[PDB]
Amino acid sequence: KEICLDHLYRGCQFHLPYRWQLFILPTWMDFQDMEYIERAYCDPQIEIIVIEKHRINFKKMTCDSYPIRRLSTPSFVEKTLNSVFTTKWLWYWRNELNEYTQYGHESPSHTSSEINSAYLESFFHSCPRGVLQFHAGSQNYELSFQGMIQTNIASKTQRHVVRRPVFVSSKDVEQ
């Protein structure tokens, strides 16, 4: 496990000090002309640059409305640890009993998403500004990480999303 940090010190999964990429679900793809993008970015007056008719917006960190990132090159290598010390994040949604159901688990109406906590944490880690589509029972939904809502794409009703860890006690650690 090797990580680098993006422009806001976020942990991410090179011959220049910088790597410019845009997120077209499912992948972060390299820009061509990385040195030219960087030169524009190093000028604080510049918010808009267009290369190949792709409109980059440094204020929103978007290109044609897709998220972009600047990876800093310096790499960090994970220290070998017991997996009991790794945080697992669980994702929940506010159900019709106004209680929390874990994603991939059955609702009070015996409906479940295919997506689960592992799926959502992986996506959230890679792309926090990600809006994504998913199915549950007979319905289609849109999940926004930024708003922490899911929305039925037909009825437009929103439900609240929450992200909290699996509890690991000091007893669990010794065990």
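Each residue number is its position in the shown sequence, starting from 1.
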(message) Can you tell me how many deposited residues have no coordinates between residue 13 and residue 14? The categories are none, 1 to 3, 4 to 9, and 10 or more.
(response) 4 to 9
(message) Can you tell me whether 67 to 75 has a higher mean C-alpha B factor than 81 to 89 in this record, or the other way round?
(response) 81 to 89
(message) So, looking at the entry's B-factor column for Cα atoms, which has the higher mean, 163 to 171 or 148 to 156?
(response) 148 to 156
(message) Can you tell me which of 46, 56, 131, 118 has the maximum CA B-factor listed in the PDB entry?
(response) 131
(request) Tell me, lowest, middle or highest third: where does the Cα B factor of residue 31 rank within its chain? (result) middle
(message) Can you tell me whether residue 125 has a C-alpha B-factor in the lowest, middle or highest third compared with the other modelled residues of the same chain?
(response) lowest
(request) Ordered by C-alpha B-factor within the chain, which third holds residue 62? Give me lowest, middle or highest, please. (result) lowest
